[PDB]
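Since the structure comes first, as structure tokens, the remarks are kept for the end.
Number of protein chains: 2
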Amino acid sequence: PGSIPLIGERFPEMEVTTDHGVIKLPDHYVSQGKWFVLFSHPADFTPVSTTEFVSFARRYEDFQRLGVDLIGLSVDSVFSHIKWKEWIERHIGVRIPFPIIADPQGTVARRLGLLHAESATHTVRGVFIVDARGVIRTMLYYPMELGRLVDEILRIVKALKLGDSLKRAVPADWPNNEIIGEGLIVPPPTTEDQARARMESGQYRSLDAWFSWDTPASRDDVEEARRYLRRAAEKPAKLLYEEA
Amino acid sequence: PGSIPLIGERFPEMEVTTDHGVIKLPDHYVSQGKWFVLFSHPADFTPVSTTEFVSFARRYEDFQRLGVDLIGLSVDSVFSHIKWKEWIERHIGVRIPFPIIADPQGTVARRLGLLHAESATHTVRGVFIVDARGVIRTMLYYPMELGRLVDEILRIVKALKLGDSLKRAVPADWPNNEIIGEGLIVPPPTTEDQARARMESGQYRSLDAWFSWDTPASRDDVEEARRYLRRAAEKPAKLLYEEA
Numbered sequence: 002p003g004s005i006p007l008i009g010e011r012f013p014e015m016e017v018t019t020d021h022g023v024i025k026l027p028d029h030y031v032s033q034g035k036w037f038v039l040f041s042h043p044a045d046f047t048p049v050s051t052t053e054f055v056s057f058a059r060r061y062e063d064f065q066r067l068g069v070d071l072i073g074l075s076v077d078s079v080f081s082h083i084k085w086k087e088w089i090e091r092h093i094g095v096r097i098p099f100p101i102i103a104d105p106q107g108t109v110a111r112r113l114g115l116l117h118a119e120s121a122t123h124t125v126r127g128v129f130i131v132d133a134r135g136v137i138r139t140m141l142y143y144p145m146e147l148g149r150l151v152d153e154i155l156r157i158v159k160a161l162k163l164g165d166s167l168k169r170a171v172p173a174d175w176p177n178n179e180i181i182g183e184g185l186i187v188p189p190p191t192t193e194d195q196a197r198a199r200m201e202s203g204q205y206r207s208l209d210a211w212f213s214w215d216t217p218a219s220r221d222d223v224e225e226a227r228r229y230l231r232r233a234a235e236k237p238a239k240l241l242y243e244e245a
Numbered sequence: 002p003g004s005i006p007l008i009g010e011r012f013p014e015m016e017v018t019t020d021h022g023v024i025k026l027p028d029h030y031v032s033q034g035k036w037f038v039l040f041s042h043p044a045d046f047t048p049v050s051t052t053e054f055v056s057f058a059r060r061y062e063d064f065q066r067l068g069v070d071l072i073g074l075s076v077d078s079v080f081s082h083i084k085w086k087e088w089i090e091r092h093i094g095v096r097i098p099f100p101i102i103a104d105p106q107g108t109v110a111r112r113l114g115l116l117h118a119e120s121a122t123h124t125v126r127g128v129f130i131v132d133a134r135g136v137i138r139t140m141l142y143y144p145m146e147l148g149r150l151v152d153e154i155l156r157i158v159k160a161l162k163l164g165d166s167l168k169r170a171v172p173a174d175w176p177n178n179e180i181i182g183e184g185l186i187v188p189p190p191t192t193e194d195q196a197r198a199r200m201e202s203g204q205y206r207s208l209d210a211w212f213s214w215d216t217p218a219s220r221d222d223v224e225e226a227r228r229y230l231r232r233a234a235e236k237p238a239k240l241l242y243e244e245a
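Residue numbers (the UniProt record's numbering), protein chains in the order written: chain A, 2 to 245; chain B, 2 to 245.
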């Protein structure tokens with residue numbers, strides 16, 4: 002076993018060295034009202050890592066539209082990061098616009114619990130989704146041998162910002178839930194006056210007293226989430242390999 | 002912070018009480034040559050949890066065809082588990098065929114690190130993906146307010162089984178990687194007769210010495226993983242709320 006930050010905790014406070022300079026987490030993002038996704042990869046100039054950075058870069062504007070920043074992490078130097086970014090631009094034709102943390106002592110890695118039994122020296126493929134208050138909302142741990150599904154990271158952030166904004170819980174497989182579709186779930190009643198306004202009216206669909214929902218997300222919001230999943234499901238038209 | 006099992010560790014040995022009887026983990030699955038996905042939910046008779054059990058049950062045959070079993074987990078009693086399964090069968094017309102662990106003392110929850118800052122008493126939405134050797138391969142921590150995307154759990158298990166069988170690493174967003182499509186990544190050479198036998202005489206595409214791939218998976222394997230993602234992206238034809 003190892004120790005990790007937990008969902009509901011403030012992301013651990015730290016200044017990190019990146020190829021963009023020194024950044025304080027989570028404050029750099031909190032002070033702009035931004036969410037961030039921090040993700041790790043084992044090493045620069047590795048093929049799975051390179052596919053992931055290109056996947057994040059292609060989705061960069063999707064993240065920026067949600068008000069989400071990206072930051073990467075490995076135990077490599079900032080020099081390594083800059084040369085890898087130049088490799089990706091020269092060979093794939095894609096610019097990596099977001100910072101990468103350089104963690105050559107493993108300090109950030111040990112703090113975030115990103116050293117698993119697959120490697121004592123390089124991080125697994127961790128993801129921390131952190132809201133605009135600096136609180137950890139979701140964590141994914143993918144292994145050395147498997148690339149992430151980046152569209153699922155976009156679905157998580159979008160669904161969580163809708164849940165927070167509309168005061169709703171999000172069903173499995175939203176926005177394509179097999180029971181309620183794009184429906185969002187009404188939380189249990191907090192106070193008794195905000196139990197009567199709901200209980201003593203309709204306006205909610207219900208399977209039982211503990212299971213009610215409505216569809217309060219904008220068509221734009223629902224369609225943006227559905228687009229993430231359609232992109233994840235689409236056979237790519239042209240491969241970025243075929244044009245060096 | 003809190004402690005968790007790590008990727009590459011043997012799943013912690015434990016006997017658990019389920020609504021199907023007592024099971025030893027991971028030995029119950031390992032002894033059959035099966036993978037298992039252990040996932041947790043905060044409490045029976047909660048609506049997000051209910052949508053996720055229905056999602057897993059609808060995908061149960063997809064898991065069984067991969068040689069993957071499912072097992073759930075909450076702090077509720079086996080009685081609660083049985084009454085909740087009856088509620089789902091009566092109100093949604095879906096049978097939940099897989100066991101749920103009853104953890105009323107929080108023993109399993111504490112050993113798997115499933116008690117986060119969102120609740121001292123109820124697990125978050127944890128997922129442990131465990132191979133047929135009993136080794137942890139991936140871990141997801143989703144929060145109380147957000148349902149999982151179960152088709153990404155299928156993609157992970159399908160991609161890891163293919164990676165293990167074909168001796169390949171899996172790119173981001175496989176099988177729809179924007180650089181190599183359904184390509185799988187050749188790992189760095191094992192022997193010195195490998196770095197010889199495939200150096201120039203290999204049948205690989207390469208972007209660089211450290212980035213080579215081929216497409217050794219069957220169209221059946223690729224299309225199985227693409228169907229997961231098509232299902233995730235499809236607006237349901239019929240919702241299960243307008244029937245029983």
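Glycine included, each C-beta is placed from N, C-alpha and C at the ideal position.
Continuous alpha helix (DSSP H) stretch holding residue i: start and end
i: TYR205/B; result: No alpha helix (DSSP H) contains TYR205/B, which DSSP labels as neither H nor E.
i: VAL223/A; result: 220 to 234
i: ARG91/A; result: 79 to 93
i: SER120/B; result: No alpha helix (DSSP H) contains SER120/B, which DSSP labels as neither H nor E.
i: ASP70/A; result: From DSSP, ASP70/A is part of no alpha helix (DSSP H) but of the beta strand (DSSP E) over 69 to 75.
i: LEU241/A; result: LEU241/A -> no alpha helix (DSSP H), and no H or E assigned at all.
i: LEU141/A; result: Per DSSP, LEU141/A belongs to no alpha helix (DSSP H); it is in the beta strand (DSSP E), 137 to 143.
i: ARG126/B; result: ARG126/B -> not in any alpha helix (DSSP H); beta strand (DSSP E) instead, spanning 126 to 131.
i: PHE64/B; result: 61 to 66
i: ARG111/A; result: 108 to 113
Beta-bridge pairing of residue i - partner residues as DSSP gives them
i: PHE46/A; result: Answer by DSSP bridge pairing: none, since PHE46/A is not bridged.
i: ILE180/B; result: Answer by DSSP bridge pairing: none, since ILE180/B is not bridged.
i: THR18/B; result: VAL23/B
i: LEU185/B; result: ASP215/B
i: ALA103/A; result: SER75/A
i: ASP209/A; result: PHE212/A
i: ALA170/B; result: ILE186/B
i: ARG11/A; result: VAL136/A
i: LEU147/A; result: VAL171/B
Counted within 10 angstroms of its Cβ, other Cβ atoms place residue i as buried (16 or more) or exposed
i: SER75/B; result: buried
i: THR52/A; result: buried
i: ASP45/A; result: buried
i: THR47/B; result: buried
i: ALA218/B; result: buried
i: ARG134/A; result: exposed
i: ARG96/B; result: exposed
i: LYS168/A; result: exposed
i: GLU183/A; result: buried
i: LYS86/A; result: buried
i: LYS239/A; result: exposed
i: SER50/A; result: buried
i: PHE80/B; result: exposed
i: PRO98/B; result: exposed
i: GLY94/B; result: exposed
i: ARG149/A; result: buried
i: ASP77/A; result: buried
i: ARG60/B; result: buried
i: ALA160/B; result: buried
Pick from the options that is closest to residue i, judged by C-alpha positions
i: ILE137/A; options: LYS86/B, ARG66/B, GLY135/B and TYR142/B; result: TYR142/B
i: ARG232/A; options: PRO176/B, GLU243/B and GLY203/B; result: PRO176/B
i: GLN204/A; options: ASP215/A, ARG197/A and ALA210/A; result: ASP215/A
i: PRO43/B; options: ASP104/B, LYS239/B, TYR242/B and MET140/B; result: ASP104/B
i: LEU71/A; options: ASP132/A, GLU90/A, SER120/A and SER81/A; result: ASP132/A
i: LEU26/B; options: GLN33/B, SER32/B, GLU16/B and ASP20/B; result: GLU16/B
i: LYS35/A; options: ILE181/A, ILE89/A, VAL109/A and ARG66/A; result: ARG66/A
i: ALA170/A; options: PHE212/A, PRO2/A, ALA198/A and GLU119/A; result: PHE212/A
i: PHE129/A; options: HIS123/A, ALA121/A, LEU115/A and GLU119/A; result: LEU115/A
i: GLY73/B; options: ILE89/B, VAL38/B and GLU90/B; result: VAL38/B
i: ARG112/B; options: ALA245/B, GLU14/B and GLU243/B; result: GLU14/B
i: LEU208/A; options: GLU119/B, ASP63/B, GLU90/B and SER202/B; result: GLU90/B
i: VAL69/A; options: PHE40/A, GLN195/A and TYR30/A; result: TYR30/A
i: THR122/A; options: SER41/A, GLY9/A and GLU193/A; result: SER41/A
Integer-rounded CB distance, given that residue j should sit under 8 angstroms from residue i
i: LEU185/A; j: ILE157/B; result: With a Cβ gap of about 26 angstroms, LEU185/A and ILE157/B do not count as contacting.
i: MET140/B; j: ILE5/B; result: 7 angstroms
i: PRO100/B; j: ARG126/B; result: Contact flag wrong, Cβ pair sits at about 18 angstroms.
i: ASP174/B; j: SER56/A; result: 5 angstroms
i: residue 246/A; j: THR18/A; result: Look at the range of chain A in this structure, 2 to 245, and you will see that residue 246/A is not part of it.
i: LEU155/B; j: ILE180/A; result: Actually they do not touch by this definition, with Cβ atoms about 19 angstroms apart.
i: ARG227/A; j: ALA234/B; result: 7 angstroms
N- and C-terminal bounds of the beta strand (DSSP E) containing residue i
i: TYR30/B; result: Segment 28 to 31 is the alpha helix (DSSP H) holding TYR30/B; no beta strand (DSSP E) there.
i: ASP194/A; result: Per DSSP, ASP194/A belongs to no beta strand (DSSP E); it is in the alpha helix (DSSP H), 194 to 200.
i: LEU39/A; result: 36 to 41
i: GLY3/B; result: 3 to 5
Contact with chain E by residue i, beta-carbon distance below 8 angstroms
i: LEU26/B; result: Given the protein chain composition of this structure (A and B), no chain E is represented.
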